[PDB]
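Asks: Shown below is the structure under consideration.
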Amino acid sequence: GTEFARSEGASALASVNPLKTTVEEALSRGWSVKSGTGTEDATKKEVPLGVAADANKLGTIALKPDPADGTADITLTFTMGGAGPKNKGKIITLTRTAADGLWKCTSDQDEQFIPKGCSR
């Protein structure tokens, strides 16, 4: 009853939302995006997301496919394995559809804790 359930959701979204820019900038160059930290690889033409999987102690960040070249749908997920009881095991998913380049946000959290802009 005292869990920070609303703030957990906001924190999780705040960890993945900025990555949309990172992805779009890479794809605009015809480079692929890969998970994790590191340097750009000019041989394979891959740009890392630049964030560690465990940057936010509420959970883990993942990219699929990895690497991603823009010719298939891309998903960025935040899995809340470190959250309190209401949100533990819940997943926020950002999907970029390749056909139109549009992004959507879905969550399997209880409706009252889903962040603004995301749907079930």
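In the structure tokens, each chain is lettered A, B, ... as it comes, each chain's residues begin at 1, and ligands are numbered from 1 in order of appearance.
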Quick one: residues within 9 Å of residue 120 of chain A, only C-alpha atoms counted, chain neighbours fewer than 5 positions away excluded, as JSON, numbers by chain?
Replies: {"A": [105, 106, 107, 108, 109, 110, 111, 114]}
Asks: Residues of chain A in alpha helix (DSSP H) according to DSSP, as a list in words?
Replies: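 Secondary structure check on chain A, alpha helix (DSSP H): residues 5, 6, 7, 8, 9, 10, 11, 12, 13, 14, 15, 16, 19, 20, 21, 22, 23, 24, 25, 26, 27 and 28 of chain A.
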Asks: Save out the residues we just selected, N, CA, C and O atoms, as a PDB file, in the first residue's frame.
Replies:
ATOM      1  N   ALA A   5       4.100   3.072  -6.759  1.00  0.00           N
ATOM      2  CA  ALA A   5       3.713   2.483  -8.051  1.00  0.00           C
ATOM      3  C   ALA A   5       3.637   3.448  -9.242  1.00  0.00           C
ATOM      4  O   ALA A   5       4.072   3.097 -10.342  1.00  0.00           O
ATOM      5  N   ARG A   6       3.095   4.651  -9.048  1.00  0.00           N
ATOM      6  CA  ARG A   6       3.008   5.621 -10.144  1.00  0.00           C
ATOM      7  C   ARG A   6       4.394   6.124 -10.575  1.00  0.00           C
ATOM      8  O   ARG A   6       4.703   6.209 -11.769  1.00  0.00           O
ATOM      9  N   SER A   7       5.255   6.407  -9.603  1.00  0.00           N
ATOM     10  CA  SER A   7       6.574   6.924  -9.929  1.00  0.00           C
ATOM     11  C   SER A   7       7.466   5.861 -10.569  1.00  0.00           C
ATOM     12  O   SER A   7       8.335   6.180 -11.383  1.00  0.00           O
ATOM     13  N   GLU A   8       7.246   4.601 -10.205  1.00  0.00           N
ATOM     14  CA  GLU A   8       7.991   3.508 -10.822  1.00  0.00           C
ATOM     15  C   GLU A   8       7.732   3.487 -12.325  1.00  0.00           C
ATOM     16  O   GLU A   8       8.669   3.368 -13.126  1.00  0.00           O
ATOM     17  N   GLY A   9       6.463   3.609 -12.718  1.00  0.00           N
ATOM     18  CA  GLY A   9       6.098   3.614 -14.125  1.00  0.00           C
ATOM     19  C   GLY A   9       6.711   4.791 -14.875  1.00  0.00           C
ATOM     20  O   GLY A   9       7.177   4.652 -16.016  1.00  0.00           O
ATOM     21  N   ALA A  10       6.705   5.964 -14.247  1.00  0.00           N
ATOM     22  CA  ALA A  10       7.266   7.150 -14.874  1.00  0.00           C
ATOM     23  C   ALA A  10       8.765   7.002 -15.046  1.00  0.00           C
ATOM     24  O   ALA A  10       9.304   7.387 -16.077  1.00  0.00           O
ATOM     25  N   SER A  11       9.433   6.448 -14.043  1.00  0.00           N
ATOM     26  CA  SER A  11      10.880   6.240 -14.095  1.00  0.00           C
ATOM     27  C   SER A  11      11.254   5.251 -15.187  1.00  0.00           C
ATOM     28  O   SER A  11      12.235   5.460 -15.926  1.00  0.00           O
ATOM     29  N   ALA A  12      10.480   4.186 -15.306  1.00  0.00           N
ATOM     30  CA  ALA A  12      10.743   3.170 -16.335  1.00  0.00           C
ATOM     31  C   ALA A  12      10.608   3.771 -17.721  1.00  0.00           C
ATOM     32  O   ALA A  12      11.465   3.572 -18.592  1.00  0.00           O
ATOM     33  N   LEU A  13       9.521   4.497 -17.950  1.00  0.00           N
ATOM     34  CA  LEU A  13       9.320   5.082 -19.278  1.00  0.00           C
ATOM     35  C   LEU A  13      10.427   6.081 -19.596  1.00  0.00           C
ATOM     36  O   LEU A  13      10.910   6.159 -20.735  1.00  0.00           O
ATOM     37  N   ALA A  14      10.851   6.840 -18.594  1.00  0.00           N
ATOM     38  CA  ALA A  14      11.892   7.850 -18.776  1.00  0.00           C
ATOM     39  C   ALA A  14      13.240   7.252 -19.159  1.00  0.00           C
ATOM     40  O   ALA A  14      14.087   7.944 -19.716  1.00  0.00           O
ATOM     41  N   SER A  15      13.438   5.974 -18.870  1.00  0.00           N
ATOM     42  CA  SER A  15      14.672   5.288 -19.236  1.00  0.00           C
ATOM     43  C   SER A  15      14.689   4.832 -20.685  1.00  0.00           C
ATOM     44  O   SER A  15      15.755   4.639 -21.247  1.00  0.00           O
ATOM     45  N   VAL A  16      13.523   4.584 -21.279  1.00  0.00           N
ATOM     46  CA  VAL A  16      13.485   4.102 -22.664  1.00  0.00           C
ATOM     47  C   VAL A  16      13.010   5.154 -23.678  1.00  0.00           C
ATOM     48  O   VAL A  16      13.373   5.106 -24.838  1.00  0.00           O
ATOM     49  N   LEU A  19      15.516   6.866 -25.971  1.00  0.00           N
ATOM     50  CA  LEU A  19      16.166   5.996 -26.947  1.00  0.00           C
ATOM     51  C   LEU A  19      15.494   6.062 -28.327  1.00  0.00           C
ATOM     52  O   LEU A  19      16.101   5.658 -29.322  1.00  0.00           O
ATOM     53  N   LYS A  20      14.262   6.553 -28.415  1.00  0.00           N
ATOM     54  CA  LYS A  20      13.612   6.679 -29.727  1.00  0.00           C
ATOM     55  C   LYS A  20      14.447   7.585 -30.631  1.00  0.00           C
ATOM     56  O   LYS A  20      14.612   7.326 -31.822  1.00  0.00           O
ATOM     57  N   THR A  21      14.956   8.673 -30.061  1.00  0.00           N
ATOM     58  CA  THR A  21      15.792   9.610 -30.802  1.00  0.00           C
ATOM     59  C   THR A  21      17.054   8.936 -31.282  1.00  0.00           C
ATOM     60  O   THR A  21      17.443   9.076 -32.438  1.00  0.00           O
ATOM     61  N   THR A  22      17.699   8.206 -30.380  1.00  0.00           N
ATOM     62  CA  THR A  22      18.914   7.494 -30.708  1.00  0.00           C
ATOM     63  C   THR A  22      18.704   6.552 -31.893  1.00  0.00           C
ATOM     64  O   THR A  22      19.509   6.500 -32.829  1.00  0.00           O
ATOM     65  N   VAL A  23      17.612   5.799 -31.843  1.00  0.00           N
ATOM     66  CA  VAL A  23      17.287   4.888 -32.923  1.00  0.00           C
ATOM     67  C   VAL A  23      17.043   5.625 -34.241  1.00  0.00           C
ATOM     68  O   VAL A  23      17.590   5.243 -35.281  1.00  0.00           O
ATOM     69  N   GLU A  24      16.236   6.679 -34.213  1.00  0.00           N
ATOM     70  CA  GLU A  24      15.916   7.392 -35.438  1.00  0.00           C
ATOM     71  C   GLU A  24      17.146   8.015 -36.071  1.00  0.00           C
ATOM     72  O   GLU A  24      17.278   8.000 -37.287  1.00  0.00           O
ATOM     73  N   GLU A  25      18.049   8.546 -35.251  1.00  0.00           N
ATOM     74  CA  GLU A  25      19.261   9.191 -35.774  1.00  0.00           C
ATOM     75  C   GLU A  25      20.143   8.172 -36.476  1.00  0.00           C
ATOM     76  O   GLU A  25      20.712   8.446 -37.530  1.00  0.00           O
ATOM     77  N   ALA A  26      20.234   6.972 -35.917  1.00  0.00           N
ATOM     78  CA  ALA A  26      21.049   5.928 -36.521  1.00  0.00           C
ATOM     79  C   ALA A  26      20.456   5.476 -37.848  1.00  0.00           C
ATOM     80  O   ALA A  26      21.155   5.357 -38.862  1.00  0.00           O
ATOM     81  N   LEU A  27      19.153   5.217 -37.849  1.00  0.00           N
ATOM     82  CA  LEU A  27      18.492   4.750 -39.062  1.00  0.00           C
ATOM     83  C   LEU A  27      18.552   5.771 -40.186  1.00  0.00           C
ATOM     84  O   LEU A  27      18.590   5.397 -41.360  1.00  0.00           O
ATOM     85  N   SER A  28      18.551   7.058 -39.847  1.00  0.00           N
ATOM     86  CA  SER A  28      18.611   8.117 -40.858  1.00  0.00           C
ATOM     87  C   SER A  28      19.944   8.104 -41.614  1.00  0.00           C
ATOM     88  O   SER A  28      20.030   8.591 -42.739  1.00  0.00           O
TER      89      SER A  28
END
Asks: Give me the segment 25-77 of chain A side of the contact with segment 86-99 of chain A, cut-off 7 Å, one line per residue showing its nearest atom pair and distance in Å at one decimal, counting only C-alpha atoms, sorted by chain and residue number, as JSON lines.
Replies:
{"residue": "A:70", "atom": "CA", "partner": "A:98", "partner_atom": "CA", "distance": 6.2}
{"residue": "A:71", "atom": "CA", "partner": "A:98", "partner_atom": "CA", "distance": 5.9}
{"residue": "A:72", "atom": "CA", "partner": "A:98", "partner_atom": "CA", "distance": 5.2}
{"residue": "A:73", "atom": "CA", "partner": "A:97", "partner_atom": "CA", "distance": 4.7}
{"residue": "A:74", "atom": "CA", "partner": "A:96", "partner_atom": "CA", "distance": 5.1}
{"residue": "A:75", "atom": "CA", "partner": "A:95", "partner_atom": "CA", "distance": 4.5}
{"residue": "A:76", "atom": "CA", "partner": "A:94", "partner_atom": "CA", "distance": 5.1}
{"residue": "A:77", "atom": "CA", "partner": "A:93", "partner_atom": "CA", "distance": 4.5}
Asks: Neighbours of segment 31-44 of chain A within 7 Å (only C-alpha atoms; same-chain residues fewer than 2 positions away dropped), as a PyMOL selection string?
Replies: chain A and resi 23+26-27+29+46-53+63+66-69
Asks: Calculate how many Å separate atom CA of residue 113 of chain A from atom CA of residue 59 of chain A, rounding to one decimal.
Replies: 16.1 Å
Asks: May I ask which of the residues A:2, A:56, A:65, A:112 is the closest one to residue 81 of chain A, counting only C-alpha atoms?
Replies: A:56
Asks: Would you give me, as a count of residues only, the residues in chain A that DSSP reads as strand (DSSP E or B)?
Replies: 31
Asks: Rounded to one decimal place, report the atom CA of residue 1 of chain A-atom CA of residue 82 of chain A distance in Å.
Replies: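 Distance between the two atoms: 17.0 Å.
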